[PDB]
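Given next, in structure tokens, is a single chain: the form deposited in one PDB entry.
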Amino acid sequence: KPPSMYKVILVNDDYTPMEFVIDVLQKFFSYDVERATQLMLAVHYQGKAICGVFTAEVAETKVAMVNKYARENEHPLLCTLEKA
């Protein structure tokens, strides 16, 4: 019984700075700046994008950490889980 996998999703909003999202992507998903920036733009232009796909526990930890980091820096940036 292989484990269910979960997609980590970033949702676009109009107030979180692009610089910040890029930072999030490097810090919590090990993206280099270039890939991070493109990914931020995929979110920005499409409204949402998949940052990664992980085992449930890993995914839920990423999500919780990304959101906490966002609120602590007073941004509304929303990270969510989706079952793959």
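Take the two forms, find the largest set of C-alpha atoms that superpose within 1.5 Å, and that set is the rigid core. Counting begins at 1, following the sequence as shown. Only residues modelled in both forms are compared.
Although not depicted, the form solved in complex with a partner chain is the subject of the following passage.
Enquirer: Just to confirm, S30 within 4.5 Å of the partner chain in the entry with it bound by heavy atoms?
Expert: Because a heavy atom of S30 falls inside 4.5 Å of the partner chain in the entry with it bound, the answer is yes.
Enquirer: Taking the shortest heavy atom distance, is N73 within 4.5 Å of the partner chain in the entry with it bound?
Expert: Because no heavy atom of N73 falls inside 4.5 Å of the partner chain in the entry with it bound, the answer is no.
Enquirer: Determine whether any heavy atom of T61 comes within 4.5 Å of a heavy atom of the partner chain in the entry with it bound, and answer yes or no.
Expert: Yes, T61 sits close enough to the partner chain in the entry with it bound that at least one of its heavy atoms falls within 4.5 Å.
Enquirer: Considering non-hydrogen atoms and a 4.5 Å limit, does the partner chain approach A56 in the entry with it bound?
Expert: Close contact exists here: in the entry with it bound, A56 approaches the partner chain to within 4.5 Å, heavy atoms only.
Enquirer: For residues shared by both forms, which stretches of 3 or more shift their Cα by 2 Å or more between the shown form and the other one, once the core is superposed?
Expert: Run 1 to 3 stands out as the only one displaced between the shown form and the other one - at least 3 residues long.
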